[PDB]
Amino acid sequence: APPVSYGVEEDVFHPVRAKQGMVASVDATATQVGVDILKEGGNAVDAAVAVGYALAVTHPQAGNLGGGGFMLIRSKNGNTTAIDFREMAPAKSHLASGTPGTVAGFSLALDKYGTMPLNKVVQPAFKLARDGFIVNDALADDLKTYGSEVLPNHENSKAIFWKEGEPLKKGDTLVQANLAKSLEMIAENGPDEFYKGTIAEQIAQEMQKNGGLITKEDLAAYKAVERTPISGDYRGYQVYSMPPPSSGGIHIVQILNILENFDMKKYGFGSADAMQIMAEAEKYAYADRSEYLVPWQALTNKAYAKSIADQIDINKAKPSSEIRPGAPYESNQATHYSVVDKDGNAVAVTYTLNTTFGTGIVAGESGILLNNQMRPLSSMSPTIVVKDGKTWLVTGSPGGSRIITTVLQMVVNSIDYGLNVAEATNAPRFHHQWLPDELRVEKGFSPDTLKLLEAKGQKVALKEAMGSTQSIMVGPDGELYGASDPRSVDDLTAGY
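Counting from 22, one number per residue, gives the positions in the sequence shown under our numbering.
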């Protein structure tokens, strides 16, 4: 068993620490909402919902009431479950936004696994919409970059997110009064407000105004669905992740299974050998994923993984064309957060509108942004790892197909390389989807190593940073270690 490290004084990257509870998310305020919920006495699910609602207010890039996403929960005793709240397609300039799942997704989780009434968990987000919050670098930058095509051309969006002809900038106060009302209603009347009430008619009457497809009938007919987590075994660790309609859960396990046939620890992080194995292994799994967009579950098979492990050549890449002939668009945009309470319950959530700010259309006078989901597949893969019979790592990322490899490297860097949670996070990342046939890398790999890979038949391609991991590692004694991605300005891991 490869020895693990939680972090020591002498390391370059230090995990955020806490003894009782911890939250890692893309936004500083959201994280604090989360911690404060734990601090009131809520469980991990209580806090995760609060974080999810806060993010709906403070990260309209991707945090939402008008989208959907995935959630994995592991309880203290071992019960692991997955909640699919992916946007549903409707029974059918125009418009294309699937029936939003987030609210129905949180209620199920809160009604089944939470201890707090919805009204207590919405409250911090409601205050954030009502009273407003000060815009930071991440929000301002994303408003200038992404919101410019698609926000200001719609009057109600404009009114919320623009002021005096320009996107709000750093220092400005974003008050969201229409959202405050939506949040106050859901608090009051439960999730039915969204699916059968004022919000439902608001969504429907903004859908009916412009193009749009979802009826009040689509809304009344939406449910989140609890599903069996995909599970695998990697060197005595258990790895749980999201099933279909995650396109990634299955394939994080398939790659791990492939990788197990190698002594990864021997040759550490960043070595040509190790990067070749993972690249080739990924390439294969991505080649198999191609057929799904022969049961899908099947290729989590350990024996089948060995079969493709035996094919892998440490000294020669095999052309992607030679594996199989030769995937539809997917946004790098989404957001992940992780939560661990003092009792040891752990939650991983990853959720999204399709692209940043979705359609950029707010559903009438609700204050809620509508997703552009054109039940669709997604590589989102909230993932929980279990060591010596206990929750050990909770992680996840946005980044389209690259979520698979990003989550994978967190796991591999922690299990194989002995990296503390913060080192795993700040480590350079690499990536091979089979098409295009290229070993995608970030900065920070040795040119010596890069040329060795090149000699092996890998077409090394230096491209933009991948993902936004927001992870928590758990010690056997309840001690918590956390790390937010440097790749996202203004993120926070905090606890108490």
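For each residue, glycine too, the CB sits at the ideal point set by N, CA and C.
Q. Roughly how many whole angstroms lie between the Cα atoms of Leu-139 and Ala-77?
A. Approximately 15 Å between the Cα atoms of the pair.
Q. When the Cβ atoms of the region 354-367 are set against those of the region 306-315, are three or more pairs found closer than 8 Å?
A. Taking one beta carbon from each stretch, the region 354-367 and the region 306-315 have fewer than 3 pairs nearer than 8 Å; the two do not touch.
Q. Going by the beta-carbon positions, is the gap between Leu-204 and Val-156 smaller than 8 Å?
A. Cβ distance not < 8 Å, so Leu-204 and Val-156 don't count as in contact.
Q. Excluding five sequence neighbours on each side, which residues of the same chain lie with their C-beta closer than 6 Å to the C-beta of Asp-239?
A. Excluding sequence neighbours, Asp-239 sits near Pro-111 and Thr-120.
Q. So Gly-168 is in the alpha helix (DSSP H); what residue range does that whole segment cover?
A. Per DSSP, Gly-168 belongs to the alpha helix (DSSP H) from 168-171.
Q. What's the call for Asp-334, buried or exposed, on a 16-neighbour Cβ count within 10 Å?
A. Counting Cβ neighbours within 10 Å, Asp-334 comes out exposed, since fewer than 16 surround it.
**Q.** Complete beta strand (DSSP E) runs within the region 428-495 (minimum length 3 residues, chain order)
**A.** Counting only runs of 3 or more, we get 460-462, 481-483 and 491-495.
Q) Secondary structure at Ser-96, three-state DSSP: helix, strand or coil? A) Residue state for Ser-96 is assigned as coil, using DSSP reduced to three classes.
Q. Can you tell me where the beta strand (DSSP E) with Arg-38 in it begins and where it stops?
A. Element bounds for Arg-38: 37-39.
Q. DSSP state of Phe-290, grouped into three classes?
A. Coil at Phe-290, not helix or strand.
(Q) Can you check which of these residues, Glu-343, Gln-318 and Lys-287, is closest to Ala-308 by C-alpha distance? (A) Ranking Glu-343, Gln-318 and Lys-287 by Cα distance to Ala-308 puts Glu-343 first.
Q: May I ask you to verify whether the region 61-72 touches the region 365-372, counting CB pairs closer than 8 Å and requiring at least 3?
A: Yes, they touch.
(Q) Considering only the alpha carbon of each residue, which of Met-206, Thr-426 and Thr-194 lies closest to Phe-147? (A) When each option's Cα is compared against that of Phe-147, the closest is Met-206.
Q. Mind pulling the alpha helix (DSSP H) runs of 4 or more residues that sit fully within the region 115-139?
A. Taking only runs of at least 4 residues, the alpha helix (DSSP H) segments lying wholly in the region 115-139 are 123-134.
Q: With DSSP collapsed to three states, give me the class of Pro-145.
A: In the three-state reduction of the DSSP assignment, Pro-145 falls in the helix class, which pools H, G and I.
Q: Return the chain-ordered list of same chain residues with a C-beta closer than 6 Å to the C-beta of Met-228, the five sequence neighbours on each side being excluded.
A: Annotation for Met-228: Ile-235 place their beta carbon closer than 6 Å to its own, counting only its chain and skipping 5 residues before and after.
Q. Is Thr-52 closer than 8 Å to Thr-514 when the C-beta atoms are compared?
A. A contact, by the Cβ cut-off of 8 Å.
Q) Could you give the distance in angstroms between the alpha-carbon of residue 519 and the alpha-carbon of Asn-231? A) An answer regarding residue 519 cannot be provided, because it is not within the stretch 22 to 517 covered by the chain.
(Q) How far does the beta strand (DSSP E) with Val-368 in it extend, from its first residue to its last? (A) Looking at the DSSP string, the run of the beta strand (DSSP E) that includes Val-368 is 367-373.
Q: Can you give me the Cβ contacts of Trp-455 inside the same chain, cut-off strictly under 6 Å, excluding the 5 residues immediately before and after it?
A: So the list reads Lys-304, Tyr-307, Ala-308 and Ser-341, once near-sequence residues are dropped.
Q.
Within a Cβ cutoff of 6 Å, which residues of the same chain sit near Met-137, ignoring the five residues on either side of it in sequence?
A. Correct list, in chain order: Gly-63 and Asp-67.
Q: Output the boundary residues of the alpha helix (DSSP H) element that contains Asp-239.
A: In the DSSP assignment, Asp-239 falls within the alpha helix (DSSP H) that extends over 237-241.
**Q.** Coarse secondary structure for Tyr-358, derived from DSSP in three states
**A.** Correct three-state label for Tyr-358: strand.
Q. Exposed or buried, what is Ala-45 when buried is set at 16 or more other beta-carbons lying within 10 Å of its beta-carbon?
A. The residue in question, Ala-45, is buried, as its Cβ has 16 or more Cβ neighbours within 10 Å.
Q. Quick one: Cα of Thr-377 to Cα of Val-47, how far?
A. Their backbone Cα atoms lie some 14 Å apart in a straight line.
(Q) If contact is defined by three or more beta carbon pairs under 8 Å, each pair taking one atom from either stretch, is the region 261-270 in contact with the region 286-306? (A) No: the two stretches stay apart, fewer than three of their Cβ pairs being nearer than 8 Å.
Q: Assign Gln-197 to buried or exposed, taking buried as 16 or more other Cβ atoms, counted over all protein chains shown, within 10 Å of its Cβ.
A: A buried status is given to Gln-197, since no fewer than 16 other beta-carbon atoms sit within 10 Å of its beta-carbon.
Q) What residues are listed by DSSP as bridge partners for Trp-183? A) Note: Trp-183 is bridge-paired with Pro-188 in the DSSP secondary-structure output.
Q: Using a threshold of 8 Å, state whether the C-beta atoms of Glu-485 and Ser-422 are closer than that.
A: The answer is no: Cβ separation not under 8 Å.
**Q.** N- and C-terminal bounds of the beta strand (DSSP E) containing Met-43
**A.** Its beta strand (DSSP E) spans residues 43-46.
Q: Could you tell me how far apart the beta carbons of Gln-223 and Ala-384 are, in whole angstroms, since I believe they sit closer than 8 Å?
A: Confirmed, Cβ separation roughly 5 Å.
Q) Using the beta-carbon count (16 or more within 10 Å), is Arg-95 buried or exposed? A) Result: buried.
Q: Report all residues from its chain with a CB closer than 6 Å to the CB of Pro-449; omit the five preceding and five following residues, and keep chain order.
A: Result list for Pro-449: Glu-463, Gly-465 and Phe-466, in chain order.
Q.
Assuming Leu-398 is part of the alpha helix (DSSP H), what are its boundary residues?
A. No alpha helix (DSSP H) holds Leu-398; DSSP gives it neither H nor E.
(Q) Residues in the same chain with beta-carbon distance under 7 Å from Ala-302, minus the five sequence neighbours each way, listed in chain order, please. (A) If you ignore the 5 residues before and after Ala-302, its C-beta comes within less than 7 Å of the C-beta of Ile-276, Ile-279, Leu-280 and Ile-333, all in its own chain and listed in chain order.
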